[PDB]
Amino acid sequence: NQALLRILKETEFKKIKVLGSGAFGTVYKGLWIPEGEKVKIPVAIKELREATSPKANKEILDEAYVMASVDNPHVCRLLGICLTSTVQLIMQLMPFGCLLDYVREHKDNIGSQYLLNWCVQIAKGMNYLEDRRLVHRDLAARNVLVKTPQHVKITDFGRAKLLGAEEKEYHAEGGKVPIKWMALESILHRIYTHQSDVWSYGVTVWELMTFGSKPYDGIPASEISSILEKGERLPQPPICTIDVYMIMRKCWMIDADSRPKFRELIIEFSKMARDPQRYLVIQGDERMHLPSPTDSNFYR
Ligand SMILES: *CCC(=O)Nc1cccc(Oc2nc(Nc3cnn(C)c3)nc3[nH]ccc23)c1
């Protein structure tokens, strides 16, 4: 019913194989077998790297209950936690991996309906995060995951932050940052807001519309703030109508409050997704096919 954090013992799940890793720790494909329940659930298990200053179990559980309460069709949900020598987060498994790799691998068969639907879904997920006062701070096609070709979910690997009721900004510290996805105010001042997430949403859409091209390819990250200040932006993808490109450009306004709100992006992309071939022009669009549960019915 309501999303609630489950506490798991080590007896109730198994890490099967590594899917990937990073500064955050390691993600495994796994199986969750809840005690007494006689069910087997495929999951992703994130075992977090040991910190110099590990949080107390009470601190971790408090954060986890908030994380588990994040319940939207387009955000990957925390299902449970196991606290031992390490922190293990049991997440929904997204069978098809990240959307960036998916669009690169399948670009010859991705049509306008899918692209625009994905844009709607990501906007809905981000709008939900904003309602929950969560700033994501790392939105990119690599951090949207694929449940089915028809259904994607935003994920978080540790950068997301909860704002207080009266806080409108998160002020970050030093470290590696995803420069080519970031708003200017984040690059120059380490300021993050829901409106800087909107900038990143625009870059994410650009990634999808170019079927996974690298933004500002070949350009040093150190030079990005300079080119942005000159007014340069990512170019119109060849498949995009002016209407689509203009929404993307609005996401990259210098004035954060001149950028669209996610609630507005939901409305605009929903309109476009209702008539996809009006808004994106893809050769052979009507012929393209991705795996669907209705294939057997239409002999595909
Ligand atoms: C393009 C970015 C990328 O490759 N991300 C990535 C790699 C490995 C693990 C991971 O985290 C999660 N992966 C899945 N599912 C998955 C299927 N095939 N692969 C390679 C990953 N589901 C998850 N649920 C929460 C976190 C992850 C991301």
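Atom set for the values below is all heavy atoms of this structure, side chains included, hydrogens, waters and symmetry mates excluded. Index from 1, following the sequence.
For residues 169-195, the set of pairs meeting the ring pair (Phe, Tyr, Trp, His ring centres under 6.0 Å) definition, not counting sequence neighbours, is empty.
Taken from CD1 in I90 to OH in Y28, the straight-line distance is 12.5 Å, to the nearest 0.5 Å. Once rounded to the nearest 0.5 Å, the distance linking CZ of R77 with NZ of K153 reads 7.0 Å. A distance of 13.5 Å separates CD of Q113 from CE of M288, quoted to the nearest 0.5 Å.
Across all non-hydrogen atoms, the minimal contact from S112 to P276 is OG-CB, 3.3 Å.
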task = Tell me, with the steps shown, if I239 and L115 meet side-chain contact (heavy atoms from CB on, under 4.5 Å).
result = CA-CA 11 Å; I239 65 168; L115 287 166; 3.8 Å; yes
message = One pair to check against salt bridge (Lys or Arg N to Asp or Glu O under 4.0 Å): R6 and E37. What are the steps and the verdict?
response = CA-CA 13 Å; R6 293 278 301 260; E37 296 189 11; 3.1 Å; yes
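Note: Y102 and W118 have perpendicular aromatic rings, judged against thresholds of 30 and 60 degrees for the angle between ring planes.
Electrostatic pairing of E185 and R259 counts as a salt bridge here, judged by a charged N lying under 4.0 Å from a carboxylate O. Ion pairing between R159 and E173 fails under the 4.0 Å rule for side-chain N and carboxylate O. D138 has a carboxylate O that lies under 4.0 Å from a charged side-chain N of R142, or vice versa, which qualifies the two as a salt bridge.
Between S213 and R104, the side chains place no donor N or O within less than 3.5 Å of an acceptor N or O (distance only, hydrogens not considered). Donor-acceptor pairing under 3.5 Å is lacking for the side chains of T193 and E169.
Put simply, the side chain of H136 reaches to within 4.5 Å of the side chain of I154, judged on heavy atoms.
In terms of the side chain to side chain contact (heavy atoms under 4.5 Å, CB included) criterion, residue partners of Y216 (sequence neighbours excluded) are, by chain and number, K180, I219, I224, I227, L228, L234.
Counting non-hydrogen atoms of other residues, nucleotides and ligands closer than 6.0 Å to NZ of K55 gives a total of 12 or fewer.
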